[PDB]
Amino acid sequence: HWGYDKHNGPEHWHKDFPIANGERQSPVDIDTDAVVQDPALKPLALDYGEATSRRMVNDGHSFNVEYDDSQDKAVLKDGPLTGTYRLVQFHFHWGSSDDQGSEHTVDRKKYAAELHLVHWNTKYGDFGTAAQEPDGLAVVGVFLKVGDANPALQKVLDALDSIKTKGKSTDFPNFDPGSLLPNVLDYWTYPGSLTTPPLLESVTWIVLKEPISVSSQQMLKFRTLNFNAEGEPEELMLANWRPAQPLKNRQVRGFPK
C-alpha cells in the first residue's frame, strides 16, 4: 500500500517503486525562463462534444470521473501529439490548505488543486497497453486557482457525499469535461509520468497555462473524502499531491510561446 503521509508518502515510494527516481518523472516545476518555443507545436485540439461520463469512483487515493472510451466520443489531438488519444477519466489532486495542492508548479508557485484529464493513444488498442509505451498516454493538467465559486465544478462536488470511502462508486452521467477547461488553451509540454504508483513513464504532459477557478468553500468539500475503506479507521483525504520531481535531461516547451 501507498499514500501521502510522512511514512508512506511520495518520499518513500521509491522503495516499492524504483522508477520513482527515474529519468522522466512527474510532476515538475515549470521554470518559465527555461521554457522554449518550438515551431513544430500546434494548438491543442480537444473534441469533447460527445463525451459520455459513466461513473465516479473513490479509488482510495483520489476520485475519478470515468468516461466511455470504447469509441471516439472524447478525443484529444494535436498540441505536441501525433495520433488520437481518448479520454478515459479525470481526477484531481489537492492539499490540506488553499495555498498548496497542485502537482505541477509555475516558477515555484502552487495552486489549490490540479485537475488531470487522462487520455490513451488509440494506436495501442486499450489503456493497459498504452500505459506501457513512451507515447502511450497524454494527460491535460489544469490548475484550480482559489477565487470565485466554479459552478461546473460544483456538479462534481455534489456527488462526493455518495463516495466518501475507498472503493465506493456512484453513477455520474452527463458531465461535460470541457466545462472544466479554461477559455484559452496555451500549454506547457514535457515527457513525463503518471504521478501515482506505478509511476509509469508513458505520459506526454500538457499543462494548461490558464487556470480555472474554485472557491475556498468548495475546496473544503474535496477534503471530506476518505483514503480508508468503510469499516477501517478514518483517514481523511486532506492532501494527495506529489511534489515536484527533478527535471533531469528534459526540455519544457510552450505554446504559443
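Residue indices: 1-based, along the sequence shown.
Once the C-alpha B-factors are averaged per stretch, 9 to 17 and 234 to 242 rank with 9 to 17 first. With 91 to 99 and 144 to 152 compared on mean CA B-factor from the PDB entry, the stretch scoring higher is 144 to 152. The entry assigns its greatest Cα B factor, within the set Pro27, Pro39, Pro191, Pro197, to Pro39. For the set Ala34, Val203, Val57, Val207, the PDB entry assigns the largest Cα B-factor to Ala34. Residue-level temperature factors show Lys168 in the middle third of its chain, judged at the C-alpha atom. Among all modelled residues in this chain, the alpha-carbon of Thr129 has a temperature factor (C-alpha) in the middle third. The entry lists a Cα temperature factor for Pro80 that places it in the lowest third of the chain's modelled residues.
Split the chain's modelled residues into thirds by C-alpha temperature factor. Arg223 is in the middle one. Sort the chain's modelled residues by C-alpha temperature factor and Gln217 lands in the highest third, per the entry.
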